[PDB]
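Presented below is the structure to which this report refers.
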Amino acid sequence: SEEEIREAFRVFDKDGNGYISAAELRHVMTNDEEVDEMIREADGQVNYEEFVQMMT
Amino acid sequence: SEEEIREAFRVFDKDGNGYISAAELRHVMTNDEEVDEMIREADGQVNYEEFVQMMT
Amino acid sequence: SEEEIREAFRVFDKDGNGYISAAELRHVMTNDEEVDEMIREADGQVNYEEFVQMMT
Amino acid sequence: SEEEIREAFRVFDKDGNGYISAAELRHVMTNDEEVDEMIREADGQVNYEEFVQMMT
Amino acid sequence: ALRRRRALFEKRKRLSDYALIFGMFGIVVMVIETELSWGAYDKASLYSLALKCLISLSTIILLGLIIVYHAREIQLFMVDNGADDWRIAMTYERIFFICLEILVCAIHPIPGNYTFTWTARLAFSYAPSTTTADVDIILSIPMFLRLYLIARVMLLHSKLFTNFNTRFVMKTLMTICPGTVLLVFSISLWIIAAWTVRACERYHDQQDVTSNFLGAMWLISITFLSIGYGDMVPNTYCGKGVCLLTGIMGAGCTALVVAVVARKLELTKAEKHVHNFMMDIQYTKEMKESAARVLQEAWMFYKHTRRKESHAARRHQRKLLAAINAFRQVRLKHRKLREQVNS
Amino acid sequence: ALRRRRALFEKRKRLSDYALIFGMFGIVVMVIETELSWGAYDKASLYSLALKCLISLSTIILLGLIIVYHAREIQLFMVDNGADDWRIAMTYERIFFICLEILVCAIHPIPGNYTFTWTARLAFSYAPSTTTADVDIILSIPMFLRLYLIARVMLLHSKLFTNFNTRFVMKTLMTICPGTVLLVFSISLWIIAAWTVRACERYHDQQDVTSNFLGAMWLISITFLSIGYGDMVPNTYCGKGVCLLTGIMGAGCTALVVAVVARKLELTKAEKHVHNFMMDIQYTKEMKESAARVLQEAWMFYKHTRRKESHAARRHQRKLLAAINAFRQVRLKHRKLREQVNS
Amino acid sequence: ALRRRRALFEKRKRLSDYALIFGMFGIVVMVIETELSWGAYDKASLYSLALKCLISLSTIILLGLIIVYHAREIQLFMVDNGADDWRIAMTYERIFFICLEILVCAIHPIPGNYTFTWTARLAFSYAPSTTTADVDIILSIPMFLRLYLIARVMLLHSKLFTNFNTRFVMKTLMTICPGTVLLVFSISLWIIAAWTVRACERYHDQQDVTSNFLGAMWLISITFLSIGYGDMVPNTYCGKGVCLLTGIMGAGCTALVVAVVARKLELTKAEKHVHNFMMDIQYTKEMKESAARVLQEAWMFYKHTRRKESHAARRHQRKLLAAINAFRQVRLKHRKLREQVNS
Amino acid sequence: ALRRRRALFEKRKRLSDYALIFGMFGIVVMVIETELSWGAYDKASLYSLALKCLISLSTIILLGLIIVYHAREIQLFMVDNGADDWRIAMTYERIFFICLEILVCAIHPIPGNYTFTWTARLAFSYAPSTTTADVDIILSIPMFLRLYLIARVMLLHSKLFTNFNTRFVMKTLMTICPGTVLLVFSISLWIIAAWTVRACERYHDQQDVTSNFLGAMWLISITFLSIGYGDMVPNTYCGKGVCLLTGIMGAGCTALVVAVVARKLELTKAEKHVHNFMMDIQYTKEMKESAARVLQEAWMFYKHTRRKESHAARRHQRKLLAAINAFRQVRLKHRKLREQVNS
Ligand SMILES: [Ca+2]
Ligand SMILES: [Ca+2]
Ligand SMILES: [Ca+2]
Ligand SMILES: [Ca+2]
Ligand SMILES: [K+]
Ligand SMILES: [K+]
């Protein structure tokens, strides 16, 4: 599951910098309070370690 | 339309010199007064600028 | 027949040293007294010359 | 016809020396007096010029 | 400009949607009216006039939609080629196609009772039969030609679609999904043709042979597979024509299958590598046991040779030669496998 | 020299044109005479003698044209090989072919009333029937063999044509236009065979089963598609032979279709690049949404885990695993696409 | 861990073995009971109650085995994905499939005498016939759907097997052994369908036309090959449905053959090299004799030229030109062979 | 040594020649005896005893030839493998094959009058018919299995032949000459099966439907092409079995044709270069005239623009755009051709 989560995180990270931005988090949901809550509970930015902490 | 006209003019210009000759104009019609009239109205030779002037 | 016997002996000789071991003789039979008897009658190890002597 | 005759003569000339031998003439007939007569009428050996002289 | 051209695409997309809604509505009311006109009531009943007026009302609306749709196509041609005058777009080919759609879409059962004398000779008996059949049955069958609006909607609503002609669209549909195309069309033709055979042959069939809908589905199905007719031979030439039409589609749909089940049996590059690996494991084990039998039989030959017996060593020699042959066969099979893997 | 050889090509081209005009004229007068000889008048009428004299007049002219045409072919052989004597060109093979064309083209209804007793047992009833049929019907059917002049005209008038044998000409015609060849021949055989079945079976059919031309077209069509016979079983052996002949052509024309609809479904180099591009766009979007669902379900699992609920997180975990599986499937489909594009 | 997962594979392998034993046992007792219920005794006999109780006893045991087998599949899903709760594995798709197997495997002749009125119109006569048929015949036919356990056993016991879906397993079985798959299935369908046609049509056939088992095998065989029906047209819709089902399988099994006999006619790399060698030897000899005839005829032309004869040299010149042509033909055939060999 | 092995090849080649002579002699006398036993005389006549004694005399000679032939095969096995004892070569497989040939070749009409009661129900009538048929008819049909000696002679006398199994020999025969193999076998099966159907069905056919040889050839031919049966449905199970056997061979011979007419339509490397050249010439001329029309229509548009007319320039503009489109189409067709030529 970890490899799949890493692949999904890399897919989200279009800029290739390794840090997903809140604008990208908002964008990937269009395909309000919940996104801000998950940003707060996962954190001024989100990295891979926070991603796997939230996934687990 | 300009690209197609240019392609047709290049097809006519078999010698590749960029100037179509009156002999070639007479030849491409076999596939008397009208050709002479169009030569007069398009002009001692015809170039691409005259070709696009007559086309437009 | 000699070429086929040589090919079979090479197939048995997995280590590629050219000398088939008694452990390999025991192993190639699982696919007690008879194997020891044939080892004694073919011989502290068995080579290609002994193999073709036993085959003939 | 000349090209075909030359090709046939080259096919006959197996040794590649350009001179067909009487032994080859005798051999190419198995696939007595007539062969000797044609050898006499075509000639101590037969070349391409004699071949095309006999063909014509 | 580009925004205007996209707007014409939207209007052209919307009009084909409504033309399909009225296209299937006209057919559906025709099917209900045809089914009920047989036993529920008669052709002169007020219900028949009312239902045949819904078809006429839907046909008038549909014909206006086709004219408007082609009018939008004219505007798209004007924008694309930068022309203004109508006549610059009214080519001879387009006029024929516009008229063809109008003629196909304007055929429907006209309100009012009109009859004609229908005469056909029975099948397997050659006995003539004459009945006064209504004229609405020879106008209801052409109404199934309105199904071309389904293709138009499909092209105009396909995500992949939006040269892009019908040839490329059909060809790429036989690669992405060759089974769905050959199954939706086969089933749709099954119901449409079976009902058409029953509808045309409910007048000249009094033994309930082909007039039965379940018996008409069997006739269409055997004809489609080119098995035969059996005793389901149609009496009328409408039922014979539909059976022939299904037969032709049954020889082109059994020619696409041969050309689709041939591409679907070949192994891909990934599958070939997996297949080569599993075969190699099997042949590696086979070479081990085949040679092991060779040694076992070769020594067993020697053991009975010193036993001073005749029948003993003879059997072992025969088995040894058979083991040698099988050993050689597996070696050739293995060596061929390595050749394919390397290349 | 070269000018002379070109002149022989022109005369050879002109003679085959007139031989086709008289070839179809003889057939057309035969068809009109056969149709009218049944009901319009009788075989002994002066009209029958006159019309059967036009066929004889056209056959004598045609045979002279075939002899002259082959005489020109002799001259072309003399020029090409630089020979003078006639016998150098009169090989055994050419004599047989010249005689074959004369024999085929000299078969026509001879003027004068001649009859023979025709006996055949009816189909599906096995009841014998005897009628005194005219002899011109067994001579009219072979007249359709004059259609080989159409192939000769086609070859001698093809722009691409002018080894160049009939094998290469037919093979290249199945590539430039495989549909026109398989449609003109199919329709032409349809009318020719249907009329032949009706003409041979108008004597021994009194129930208007196969004698009807529209019923004979159905019999030929079902036999061609190998569907079956139904109740259209011919009574005579001329109608049985033609049905068999159509059946054989119906198994070779449904074998060319399988070998033509298989080449017409493969994607060209240009089409493959376009197809790869549109699939790549679709899979790029699919990978975005599949992973987006993965994150959404993965966090939704966490949100309900802290909610102290049991049934809540269980549903989200099940959806998360399904999203993971779909995410993996689209990745494999995408990766396979890149492999094909690179190669 | 891995040892536990292997243990689940063993239990899953063992359960499918017993489910096949009871699967075929239920069918076998059904076949014996159906055959004996016609003439040996009646539906109300104590033997009928006893034999129909063995089927019920085998069905109850089988349904428990299917539930336990899927329970093991649940445990394998739990181990593979590291989950504990049942609901994490009870997806909607799995529930439908589990219910489908239970419904298919629970259809069997219930003990007790129950009858229904069966009415069907005879074939080729259109005469209605009514008989009071037992209800166990419409429940015995679905029992043949239990053959899906054979596929499950095959996959779970295949050495090569142990994505590995049924698509890859079937595709690789059409490459390793394309003849055995197309022969075991064809023969198995032959016996199963022929008995089903006879069983459904032993009530409404009193002339021993299709009720005869040997006559039912002929009907299934001609329908499978799409030859036709002849006089073997079924009377009931169960016999018509099975004939249609065999027809569909007879158009997919004659489409796999065309796609298997096409791969089996192509020459391999090793076979092509051998084929090229033997052709080269033949053409080398042919070029020798063709040229030898060229010289022989060329000189024979000269010999008779000096003989002052006319007809003599003419024949030799004609033979010389024919020998020249044949010499050129073999040269082109040889040169083409070298081109293929080099590439 | 090698000379001895070649000697065994010669004796083995000679014995198969005589075994074929007596193989066809036994069949020919059987055919003559069967034909004459119907009307020429009766089964108890001295002619019947004499002719049935020639078959017995030929069978005894043939069986000795088969034993001697296999004895030579034993000696070739002894020389090849360097063995002496007989038992080293008498494997279980060889014993079964030797016994199979003896059993097949020993079936012939035994001299002496023996009869059995033959009962079969008529086709299309279901009326039973009983006749006392001779027992020699069920022994004459298996005599056609002696045709396997033709294959043995072909292999042992083929120049190219002399692994070299029957698989490679048949496969290479489908490449060198795929038409002769599919025509000799088709015609040979036609006569053999048609006579077998007539011979088995001359007892239970009193209406001369299938007993007629010309009517039996039609039945075999329609069944082979899978067209149907029509009214030629056999009454006996020998005529039904042969029709089924021809149907199976008629679905494998129409599957080889699809796989042979597909390889025969592809263009070779030499033909592709010629085809590309002629297409390039055509497209070069087409590009010249398409562009010439473009200029002509473009200037004609300008000429009427200055003429102050409305309808004049509109027509020329419409023609100019059509000429532009056709100019673009031929450019794409030409450019695709250059792409193929380069690669
Ligand atoms: Ca970011
Ligand atoms: Ca110029
Ligand atoms: Ca060792
Ligand atoms: Ca020499
Ligand atoms: K059929
Ligand atoms: K068929």
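Ordering of the structure tokens sets the chain letters (A, B, ...), residue numbers begin anew at 1 in every chain, and ligands are numbered from 1 in the order given.
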
Could I get chain B fitted onto chain A (least squares, all C-alpha atoms, in order) as an mmCIF file with N, CA, C and O atoms, in the first residue's frame?
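Resulting contents of out.cif:
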```cif
data_model
loop_
_atom_site.group_PDB
_atom_site.id
_atom_site.type_symbol
_atom_site.label_atom_id
_atom_site.label_comp_id
_atom_site.auth_asym_id
_atom_site.auth_seq_id
_atom_site.Cartn_x
_atom_site.Cartn_y
_atom_site.Cartn_z
ATOM 1 N N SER B 1 0.734 -1.128 -0.097
ATOM 2 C CA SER B 1 -0.065 0.086 0.007
ATOM 3 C C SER B 1 0.822 1.326 0.037
ATOM 4 O O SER B 1 0.449 2.381 -0.477
ATOM 5 N N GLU B 2 2.000 1.190 0.651
ATOM 6 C CA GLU B 2 2.931 2.311 0.723
ATOM 7 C C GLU B 2 3.399 2.731 -0.665
ATOM 8 O O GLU B 2 3.484 3.928 -0.964
ATOM 9 N N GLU B 3 3.710 1.759 -1.527
ATOM 10 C CA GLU B 3 4.146 2.080 -2.882
ATOM 11 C C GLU B 3 3.043 2.778 -3.668
ATOM 12 O O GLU B 3 3.303 3.744 -4.394
ATOM 13 N N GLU B 4 1.804 2.298 -3.541
ATOM 14 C CA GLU B 4 0.688 2.932 -4.238
ATOM 15 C C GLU B 4 0.447 4.346 -3.726
ATOM 16 O O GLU B 4 0.166 5.260 -4.512
ATOM 17 N N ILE B 5 0.546 4.547 -2.410
ATOM 18 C CA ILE B 5 0.381 5.883 -1.843
ATOM 19 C C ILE B 5 1.477 6.814 -2.348
ATOM 20 O O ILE B 5 1.219 7.977 -2.684
ATOM 21 N N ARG B 6 2.716 6.319 -2.410
ATOM 22 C CA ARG B 6 3.814 7.126 -2.933
ATOM 23 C C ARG B 6 3.589 7.479 -4.398
ATOM 24 O O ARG B 6 3.859 8.609 -4.821
ATOM 25 N N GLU B 7 3.104 6.520 -5.190
ATOM 26 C CA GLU B 7 2.819 6.792 -6.595
ATOM 27 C C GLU B 7 1.729 7.847 -6.741
ATOM 28 O O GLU B 7 1.836 8.746 -7.582
ATOM 29 N N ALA B 8 0.674 7.753 -5.929
ATOM 30 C CA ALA B 8 -0.386 8.756 -5.975
ATOM 31 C C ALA B 8 0.139 10.132 -5.580
ATOM 32 O O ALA B 8 -0.201 11.140 -6.211
ATOM 33 N N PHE B 9 0.971 10.191 -4.537
ATOM 34 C CA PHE B 9 1.547 11.464 -4.112
ATOM 35 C C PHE B 9 2.422 12.063 -5.205
ATOM 36 O O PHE B 9 2.394 13.278 -5.437
ATOM 37 N N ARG B 10 3.212 11.227 -5.883
ATOM 38 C CA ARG B 10 4.026 11.712 -6.994
ATOM 39 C C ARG B 10 3.153 12.208 -8.140
ATOM 40 O O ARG B 10 3.478 13.207 -8.791
ATOM 41 N N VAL B 11 2.044 11.514 -8.405
ATOM 42 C CA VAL B 11 1.116 11.952 -9.445
ATOM 43 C C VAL B 11 0.546 13.322 -9.102
ATOM 44 O O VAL B 11 0.427 14.198 -9.969
ATOM 45 N N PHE B 12 0.190 13.533 -7.832
ATOM 46 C CA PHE B 12 -0.312 14.838 -7.412
ATOM 47 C C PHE B 12 0.742 15.920 -7.597
ATOM 48 O O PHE B 12 0.431 17.036 -8.029
ATOM 49 N N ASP B 13 1.993 15.609 -7.268
ATOM 50 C CA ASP B 13 3.087 16.578 -7.300
ATOM 51 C C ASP B 13 3.515 16.772 -8.750
ATOM 52 O O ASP B 13 4.449 16.135 -9.241
ATOM 53 N N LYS B 14 2.812 17.666 -9.449
ATOM 54 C CA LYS B 14 3.094 17.894 -10.862
ATOM 55 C C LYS B 14 4.375 18.697 -11.056
ATOM 56 O O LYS B 14 5.117 18.470 -12.018
ATOM 57 N N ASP B 15 4.651 19.643 -10.154
ATOM 58 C CA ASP B 15 5.836 20.483 -10.299
ATOM 59 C C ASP B 15 7.132 19.717 -10.057
ATOM 60 O O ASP B 15 8.202 20.202 -10.440
ATOM 61 N N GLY B 16 7.062 18.541 -9.438
ATOM 62 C CA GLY B 16 8.247 17.734 -9.235
ATOM 63 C C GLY B 16 9.171 18.205 -8.138
ATOM 64 O O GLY B 16 10.311 17.737 -8.063
ATOM 65 N N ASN B 17 8.722 19.123 -7.281
ATOM 66 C CA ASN B 17 9.551 19.625 -6.194
ATOM 67 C C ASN B 17 9.505 18.750 -4.948
ATOM 68 O O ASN B 17 10.315 18.954 -4.038
ATOM 69 N N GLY B 18 8.589 17.785 -4.885
ATOM 70 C CA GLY B 18 8.462 16.922 -3.731
ATOM 71 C C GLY B 18 7.579 17.451 -2.622
ATOM 72 O O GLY B 18 7.348 16.732 -1.642
ATOM 73 N N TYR B 19 7.079 18.680 -2.741
ATOM 74 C CA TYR B 19 6.194 19.278 -1.749
ATOM 75 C C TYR B 19 4.884 19.649 -2.428
ATOM 76 O O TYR B 19 4.866 20.499 -3.324
ATOM 77 N N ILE B 20 3.795 19.022 -1.999
ATOM 78 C CA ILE B 20 2.484 19.311 -2.566
ATOM 79 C C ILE B 20 1.926 20.568 -1.906
ATOM 80 O O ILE B 20 2.057 20.761 -0.691
ATOM 81 N N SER B 21 1.334 21.442 -2.712
ATOM 82 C CA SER B 21 0.840 22.724 -2.233
ATOM 83 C C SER B 21 -0.663 22.666 -1.974
ATOM 84 O O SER B 21 -1.382 21.823 -2.517
ATOM 85 N N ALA B 22 -1.131 23.588 -1.129
ATOM 86 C CA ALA B 22 -2.551 23.639 -0.795
ATOM 87 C C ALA B 22 -3.407 23.936 -2.019
ATOM 88 O O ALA B 22 -4.551 23.473 -2.103
ATOM 89 N N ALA B 23 -2.876 24.706 -2.972
ATOM 90 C CA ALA B 23 -3.602 24.938 -4.216
ATOM 91 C C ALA B 23 -3.810 23.634 -4.974
ATOM 92 O O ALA B 23 -4.889 23.393 -5.527
ATOM 93 N N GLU B 24 -2.790 22.775 -5.001
ATOM 94 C CA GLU B 24 -2.938 21.472 -5.642
ATOM 95 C C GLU B 24 -3.930 20.593 -4.887
ATOM 96 O O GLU B 24 -4.697 19.845 -5.506
ATOM 97 N N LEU B 25 -3.930 20.665 -3.552
ATOM 98 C CA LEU B 25 -4.920 19.924 -2.774
ATOM 99 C C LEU B 25 -6.335 20.372 -3.114
ATOM 100 O O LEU B 25 -7.239 19.542 -3.257
ATOM 101 N N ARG B 26 -6.548 21.683 -3.236
ATOM 102 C CA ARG B 26 -7.863 22.180 -3.627
ATOM 103 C C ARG B 26 -8.216 21.744 -5.044
ATOM 104 O O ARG B 26 -9.369 21.398 -5.327
ATOM 105 N N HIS B 27 -7.236 21.759 -5.949
ATOM 106 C CA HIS B 27 -7.500 21.420 -7.344
ATOM 107 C C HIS B 27 -7.876 19.952 -7.510
ATOM 108 O O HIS B 27 -8.780 19.625 -8.288
ATOM 109 N N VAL B 28 -7.198 19.053 -6.795
ATOM 110 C CA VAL B 28 -7.388 17.620 -7.014
ATOM 111 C C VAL B 28 -8.722 17.149 -6.446
ATOM 112 O O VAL B 28 -9.079 15.974 -6.581
ATOM 113 N N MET B 29 -9.464 18.050 -5.803
ATOM 114 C CA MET B 29 -10.767 17.690 -5.257
ATOM 115 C C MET B 29 -11.919 18.029 -6.192
ATOM 116 O O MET B 29 -13.048 17.582 -5.957
ATOM 117 N N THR B 30 -11.666 18.805 -7.245
ATOM 118 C CA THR B 30 -12.710 19.204 -8.180
ATOM 119 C C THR B 30 -12.942 18.181 -9.287
ATOM 120 O O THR B 30 -13.699 18.464 -10.222
ATOM 121 N N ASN B 31 -12.316 17.012 -9.206
ATOM 122 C CA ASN B 31 -12.479 15.983 -10.226
ATOM 123 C C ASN B 31 -13.452 14.899 -9.773
ATOM 124 O O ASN B 31 -13.946 14.116 -10.584
ATOM 125 N N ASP B 32 -14.636 22.337 0.957
ATOM 126 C CA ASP B 32 -14.255 23.639 1.491
ATOM 127 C C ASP B 32 -13.740 23.514 2.921
ATOM 128 O O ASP B 32 -12.581 23.817 3.203
ATOM 129 N N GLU B 33 -14.616 23.075 3.826
ATOM 130 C CA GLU B 33 -14.197 22.866 5.208
ATOM 131 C C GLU B 33 -13.395 21.579 5.352
ATOM 132 O O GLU B 33 -12.459 21.511 6.158
ATOM 133 N N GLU B 34 -13.751 20.546 4.583
ATOM 134 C CA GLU B 34 -13.064 19.262 4.695
ATOM 135 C C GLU B 34 -11.605 19.369 4.267
ATOM 136 O O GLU B 34 -10.718 18.793 4.909
ATOM 137 N N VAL B 35 -11.334 20.100 3.182
ATOM 138 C CA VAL B 35 -9.962 20.220 2.702
ATOM 139 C C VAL B 35 -9.114 21.019 3.687
ATOM 140 O O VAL B 35 -7.956 20.673 3.949
ATOM 141 N N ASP B 36 -9.672 22.091 4.253
ATOM 142 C CA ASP B 36 -8.940 22.851 5.261
ATOM 143 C C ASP B 36 -8.684 22.008 6.504
ATOM 144 O O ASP B 36 -7.596 22.064 7.092
ATOM 145 N N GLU B 37 -9.677 21.216 6.918
ATOM 146 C CA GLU B 37 -9.501 20.351 8.080
ATOM 147 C C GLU B 37 -8.413 19.312 7.836
ATOM 148 O O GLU B 37 -7.585 19.053 8.715
ATOM 149 N N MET B 38 -8.398 18.704 6.645
ATOM 150 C CA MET B 38 -7.374 17.708 6.351
ATOM 151 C C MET B 38 -5.997 18.345 6.214
ATOM 152 O O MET B 38 -4.991 17.724 6.576
ATOM 153 N N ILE B 39 -5.928 19.581 5.710
ATOM 154 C CA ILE B 39 -4.656 20.297 5.664
ATOM 155 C C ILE B 39 -4.142 20.545 7.077
ATOM 156 O O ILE B 39 -2.960 20.337 7.375
ATOM 157 N N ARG B 40 -5.030 20.991 7.969
ATOM 158 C CA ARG B 40 -4.630 21.240 9.351
ATOM 159 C C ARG B 40 -4.187 19.956 10.043
ATOM 160 O O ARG B 40 -3.179 19.943 10.759
ATOM 161 N N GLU B 41 -4.926 18.864 9.838
ATOM 162 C CA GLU B 41 -4.614 17.597 10.488
ATOM 163 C C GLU B 41 -3.418 16.884 9.872
ATOM 164 O O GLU B 41 -2.848 15.998 10.519
ATOM 165 N N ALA B 42 -3.025 17.240 8.649
ATOM 166 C CA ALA B 42 -1.851 16.651 8.021
ATOM 167 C C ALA B 42 -0.576 17.444 8.269
ATOM 168 O O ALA B 42 0.513 16.864 8.221
ATOM 169 N N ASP B 43 -0.686 18.741 8.535
ATOM 170 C CA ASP B 43 0.480 19.578 8.790
ATOM 171 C C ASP B 43 0.994 19.378 10.211
ATOM 172 O O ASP B 43 0.348 19.781 11.178
ATOM 173 N N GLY B 44 3.812 24.625 7.106
ATOM 174 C CA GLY B 44 3.000 25.381 6.171
ATOM 175 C C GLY B 44 2.778 24.666 4.854
ATOM 176 O O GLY B 44 2.259 25.246 3.900
ATOM 177 N N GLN B 45 3.171 23.396 4.801
ATOM 178 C CA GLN B 45 3.024 22.589 3.597
ATOM 179 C C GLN B 45 2.997 21.121 4.008
ATOM 180 O O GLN B 45 3.203 20.778 5.175
ATOM 181 N N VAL B 46 2.742 20.253 3.032
ATOM 182 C CA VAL B 46 2.609 18.819 3.261
ATOM 183 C C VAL B 46 3.694 18.099 2.473
ATOM 184 O O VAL B 46 3.912 18.397 1.293
ATOM 185 N N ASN B 47 4.371 17.159 3.123
ATOM 186 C CA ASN B 47 5.432 16.370 2.517
ATOM 187 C C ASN B 47 5.026 14.898 2.478
ATOM 188 O O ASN B 47 3.906 14.526 2.838
ATOM 189 N N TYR B 48 5.960 14.057 2.025
ATOM 190 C CA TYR B 48 5.682 12.628 1.913
ATOM 191 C C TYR B 48 5.485 11.985 3.281
ATOM 192 O O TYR B 48 4.642 11.093 3.437
ATOM 193 N N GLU B 49 6.267 12.407 4.278
ATOM 194 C CA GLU B 49 6.118 11.842 5.616
ATOM 195 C C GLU B 49 4.739 12.148 6.191
ATOM 196 O O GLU B 49 4.097 11.272 6.781
ATOM 197 N N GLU B 50 4.258 13.379 6.010
ATOM 198 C CA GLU B 50 2.908 13.712 6.449
ATOM 199 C C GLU B 50 1.868 12.945 5.641
ATOM 200 O O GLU B 50 0.824 12.552 6.174
ATOM 201 N N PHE B 51 2.144 12.717 4.355
ATOM 202 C CA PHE B 51 1.225 11.952 3.519
ATOM 203 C C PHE B 51 1.065 10.526 4.033
ATOM 204 O O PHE B 51 -0.057 10.015 4.130
ATOM 205 N N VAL B 52 2.174 9.871 4.381
ATOM 206 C CA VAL B 52 2.078 8.498 4.865
ATOM 207 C C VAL B 52 1.587 8.457 6.310
ATOM 208 O O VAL B 52 1.019 7.448 6.744
ATOM 209 N N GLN B 53 1.793 9.531 7.077
ATOM 210 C CA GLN B 53 1.206 9.604 8.410
ATOM 211 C C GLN B 53 -0.313 9.706 8.334
ATOM 212 O O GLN B 53 -1.025 9.072 9.122
ATOM 213 N N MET B 54 -0.824 10.504 7.394
ATOM 214 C CA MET B 54 -2.268 10.625 7.228
ATOM 215 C C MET B 54 -2.862 9.361 6.619
ATOM 216 O O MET B 54 -3.979 8.963 6.970
ATOM 217 N N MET B 55 -2.137 8.724 5.696
ATOM 218 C CA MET B 55 -2.628 7.490 5.090
ATOM 219 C C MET B 55 -2.758 6.380 6.125
ATOM 220 O O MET B 55 -3.736 5.623 6.115
ATOM 221 N N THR B 56 -1.786 6.266 7.025
ATOM 222 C CA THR B 56 -1.815 5.235 8.055
ATOM 223 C C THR B 56 -2.703 5.653 9.223
ATOM 224 O O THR B 56 -3.793 5.113 9.410
#
```

**Request:** Dump the neighbourhood of ligand 5 as a VMD selection string: all residues within 10 Å, distances computed on only C-alpha atoms and all ligand atoms.
**Result:** (chain E and resid 222 to 223 225 to 229) or (chain F and resid 222 to 223 225 to 229) or (chain G and resid 222 to 223 225 to 229) or (chain H and resid 222 to 223 225 to 229)

**Message:** Contacts from chain H to chain F, 10 Å maximum, only C-alpha atoms: show me the residue list as a PyMOL selection string.
**Reply:** chain H and resi 124+207-209+214-215+218+221-222+225-232+254-267+271-272+275+278-279+281-282+336+339-340

**Request:** Write out as a PyMOL selection string the residues lying within 10 Å of stretch 68-80 of chain H, counting only C-alpha atoms and excluding same-chain residues fewer than 6 positions away.
**Result:** chain H and resi 1-2+4-9+11-16+19+62+86-90+94+98

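In this structure, atom CA of residue E:33 sits 24.9 Å away from atom CA of residue E:246.
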
**Request:** Tell me, in Å to one decimal, how far atom CA of residue H:20 is from atom CA of residue H:64.
**Result:**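 Interatomic distance, atom CA of residue H:20 to atom CA of residue H:64: 12.9 Å.
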
**Prompt:** Separation of atom CA of residue E:102 and atom CA of residue E:63, in Å?
**Reply:** 6.5 Å

**Asked** Please, which residues of chain H lie no more than 10 Å from chain B when the count uses only C-alpha atoms, and can they be set out as a count of residues only?
**Response** 24

**Message:** When DSSP is applied to the backbone of this structure, which of stretch 107-338 of chain E are assigned alpha helix (DSSP H)? Write them out as number ranges by chain.
**Reply:** E: 137-140, 148-157, 166-176, 178-200, 213-224, 237-256, 269-305, 311-338

**Message:** Neighbouring residues of residue H:116 were defined as those with any atom within 12 Å, considering only C-alpha atoms; residues of the same chain fewer than 2 positions away were excluded. Please report them as a list in words.
**Reply:**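 Counting only C-alpha atoms, the residues come to residues 113, 114, 118, 119, 130, 131, 132, 133, 134, 135, 136, 137 and 138 of chain H.
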
**Message:** List the spatial neighbours of stretch 193-196 of chain G as a ChimeraX atom specification - criterion: any atom at most 9 Å away, only C-alpha atoms, same-chain residues fewer than 3 positions off excluded.
**Reply:** /G:141,188-190,199-201,213-221,238-239,242-243,245-246
